[PDB]
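> Build me a structure from this.
(2 chains, ligands or ions: 2)
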Amino acid sequence: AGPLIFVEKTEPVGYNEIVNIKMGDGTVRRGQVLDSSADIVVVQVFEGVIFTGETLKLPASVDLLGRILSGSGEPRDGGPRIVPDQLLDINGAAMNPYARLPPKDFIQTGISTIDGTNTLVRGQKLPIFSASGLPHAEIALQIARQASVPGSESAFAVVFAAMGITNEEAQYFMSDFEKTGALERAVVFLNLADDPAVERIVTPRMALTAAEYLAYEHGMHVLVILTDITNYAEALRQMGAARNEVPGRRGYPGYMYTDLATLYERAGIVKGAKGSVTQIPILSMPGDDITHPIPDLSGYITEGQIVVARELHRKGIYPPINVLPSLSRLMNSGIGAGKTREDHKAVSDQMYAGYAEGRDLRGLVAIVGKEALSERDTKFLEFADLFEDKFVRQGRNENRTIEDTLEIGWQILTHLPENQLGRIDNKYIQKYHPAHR
Amino acid sequence: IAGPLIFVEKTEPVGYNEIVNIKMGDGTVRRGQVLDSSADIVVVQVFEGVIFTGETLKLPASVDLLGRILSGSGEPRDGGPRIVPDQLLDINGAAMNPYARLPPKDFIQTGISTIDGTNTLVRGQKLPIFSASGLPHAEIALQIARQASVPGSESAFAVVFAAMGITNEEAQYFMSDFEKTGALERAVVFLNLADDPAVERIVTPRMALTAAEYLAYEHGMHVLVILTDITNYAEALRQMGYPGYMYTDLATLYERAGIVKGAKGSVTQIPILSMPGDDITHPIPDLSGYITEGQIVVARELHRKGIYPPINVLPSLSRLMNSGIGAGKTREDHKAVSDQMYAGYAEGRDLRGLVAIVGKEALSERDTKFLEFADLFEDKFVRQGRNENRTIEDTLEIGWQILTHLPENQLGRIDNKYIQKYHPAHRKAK
Ligand SMILES: NCCc1ccc(S(=O)(=O)F)cc1
Ligand SMILES: [Cl-]
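Numbering: from 1, shown residues only, chains lettered A, B, ... in the order given. Ligands and ions are numbered 1, 2, ... in the order given. Coordinates below:
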């Protein structure tokens, strides 16, 4: 009748078995079993002799940082089990950590097509929208390695959670975190394709609980990277009461309509305002809607999105992010004097407009021929190439500061006639344009 | 297959890979190579007396295109006579540049609240409908074709409706709907059937856009072009993953929008971008080139819940909305009401998550109001009849009514001046 909770399995259980559960806060719930792995039971609680169990707990400690764990929080790094400061329920009920404050202030990802044009702010949920065969995992990993909060008095941490991945992918992520030293400031949760589906379902909840704990109890800005929500959804649609039931039809369980919202609700500035939880969920377009209907991923898209584009990938460009369909709705809260730089908005606006114009002119060029294009139009056409070649394109290991990003922006903007810079205040042209300054 | 596609009248027999000249609207010629052909239309890939010099494929242009149903090649499909042209216009877009260097602006009333209210369509904009297999994007497209208008515009309004690769049953349905509602009288309708030559499918949006340019520029009209659907267009390129040149080819479609020279007309596009239900047989194309001014998102969640039209405003966006709203265009309170409904709906939807974490009875009284607001938004604002044509006033007033469910002190996005003037609890009866 109510919330799904996650319980430590201590004996075999049957479908719809009535159970009593001891919660993290010491209270008890009664509920019904939906599904189970070897170690975990999924229980749907009721409001207000049988099996008595305890909830599955995150072993919460600052010593989570530097560790690589399974989806259930068990070590994968050869290290000892986490010694907990606190044992926390994982479904979101623990801590009540979120403030009623808007997201704000800069997270530097080091990727120009995010920081420059679609800025990530602390407390935001900003999905990466992608598809099979595109390098969204590479982008996610690069952000994990590079992200920081310039000028903040609060410490920064990363929670990286990968779901449904292959053995070789897991080995790769582990090696990357270890060799780069990104592991020092990260908690890494790795769920394998062949791990139990219930473990996959618990994975983002373990990750979000760790993030909330570090943000709220330790005053950290925490960035949570979740790759891939689509993979999570493929497990969900075959778990418990959803098994062989069809979305929108009789028999499809109500919790399937709100499950994704239990994940996307969990982001924001935390109480005290010294910390925050920011999410970058990867949403890969599944390709199999007809055979594998999943919960609508649109619910996760309320504060913008970063779009990975096959066009740019096929051009040989990494990261292949198309800024034009990309958006950060909270960008203005994270940029400008004292955050990035005063000319940030102006430079972003002008690059966006110039790139959009240049891309339209690729069409016009095809319609009339290169020789028929005006000199002014040719400059914008060329600007779109410069934008893709110099601004969009950056190394896998290239961590650009926002100043680096804005400088590249100004350099490519010099290709346009100064009189065509309609989105940039004259004050910023005089102060920052390379032909001046 | 590298160069851009140009369409040429079949006036003489041609062969594959034959090198040809194409005569352009200004008397110059471009050189190309024959890629493919139907009986009447040659597809040339362009580069950079002795050889074939071809004429561009032409639209027979006249105001009498209005009220007609044509094929993708412009031939009558309505039993009527062939169009008698005032002009023969190159459909490749090259003989005439009607577009002004002006930003899109001013209101197009679709009559659909989740467009007009929260992500307003403006004249000259390209605003795709982003949808997927099994969703009612075609119903939405037809509803917009029936309902759209430009309130208070001195310029007359027309619709160009182009459907690509459709079944005979869909064709009959579209024709019937245009005819019986009278929507046909202000429209030029281009219907390309699935079994029509693939060449005619790729010519279809170019015929449509040429018709819209002619009406907009030569007759001072605001023209709304509805193109359904681009995924099917992309598949025709495939049967002629996707070819590399597709991205440039799409730009030849999406460049063709905006206010026209003189600013008494415009070409606005609503392309339908539908994601295939089966990746294996119908690969997912990168149509993101078309998405530069926002998107209207058709959502499975809302469709599953039995709501029409199933538009989720939160991922939807109109980048140019501010240029189409307010005093003299819609109403002064538009931006505030939109901002507040968006914020309230987003908060309510997050609170659906919280309910599924802590249980409904654990929510605060305040949070419960926002939770209930999300239900009201979906049931009263999102939901509307297939033939329910809402004025912007109607949609703003629905908005105000549902906003009364929230505590007045929680209306952070609304200027006190608009609360005093328009909030049902304060507004004076006049
Ligand atoms: N197989 C279709 C290709 C084609 C079809 C027709 C011609 S033509 O007769 O009009 F010259 C040329 C090439
Ligand atoms: Cl859903």
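
> any bit of the helix or strand hosting residue A:222 sitting next to chain B?
Counting by DSSP states H and E, the element that carries residue A:222 is strand A:221-227. No. Contact of strand A:221-227 with chain B (CB under 8 Å from any CB of the partner chain) is absent, the minimum separation being 14.9 Å. C-betas here are computed from N, CA, C, even on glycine.

> Name the next helix or strand following that strand along the chain.
Note on strand A:221-227: by DSSP H and E, the next helix or strand toward the C-terminus is helix A:229-236.

> Residue of the stretch 1-150 of chain A nearest ligand 1, please.
residue A:133 (32.5 Å; CB to the nearest ligand atom).

> Pretty sure that residue sits in a strand.
No. Assignment of residue A:133 by DSSP: H, G, I helix; E, B strand; the rest coil gives coil, placing it outside any strand.

> what's near enough to touch it?
Residue A:133 makes contact with A:310, A:313, according to CB atoms under 8 Å, 6 or more residues apart in numbering or on different chains.

> Run a quick neighbour tally on residue A:316.
8 (other CB atoms under 10 Å in any protein chain shown).

> go on, residue A:350?
Residue A:350: 22 surrounding residues under other CB under 10 Å.

> Helix or strand: which one has it?
Secondary structure from DSSP H and E places residue A:350 in helix A:344-368.

> Double-check residue A:45 against residue A:27; I have them as touching.
No. Judged on CB atoms under 8 Å, residue A:45 makes no contact with residue A:27 at a distance of 10.9 Å.

> Which one of those two is surrounded by more residues?
residue A:45 (19 against 8).

> residue contacts, the more buried one?
So residue A:45 contacts A:1, A:2, A:3, A:4, A:5, A:21, A:29, A:30, A:31, B:359 (CB under 8 Å, 6+ apart).

> Residue A:136 now?
A:128, A:130, A:227, A:228, A:282, A:284, A:308.

> again with residue A:344
Residues counted as contacts of residue A:344 (CB under 8 Å, 6+ apart) are A:116, A:119, A:335, A:336, A:402, A:406.

> Please name the nearest non-neighbouring residue to residue A:186.
residue A:158 (4.2 Å; CB to CB, 6 or more residues apart in numbering or on different chains).

> Look at the one you found and tell me its secondary structure.
Once three-state DSSP is applied, residue A:158 turns out strand.

> I'd guessed it sits against residue A:225; true?
Yes. Look at residue A:158 against residue A:225 with CB under 8 Å: they come within range, at 6.8 Å.

> Now do the shared contacts for those two.
In contact with both residue A:158 and residue A:225: residue A:144, using CB under 8 Å, 6+ apart.

> Show me what from the stretch 51-200 of chain A comes close to ligand 1.
Within the stretch 51-200 of chain A, no position lies close to ligand 1 (CB under 6 Å from any ligand atom).

> The stretch 51-200 of chain A: strands as residue ranges?
Applying DSSP state E, counting those that start in this stretch to the stretch 51-200 of chain A gives strands spanning A:51-54, A:57-60, A:67-70, A:86-89, A:104-106, A:121-122, A:128-131, A:156-165, A:186-192.

> helices and strands around the strand holding residue A:222, which ones?
Here strand A:221-227 touches helix A:136-146, strand A:156-165, helix A:197-218, strand A:276-285, going by 3 or more CB pairs under 8 Å, 6 or more residues apart in numbering or on different chains; DSSP states H and E.
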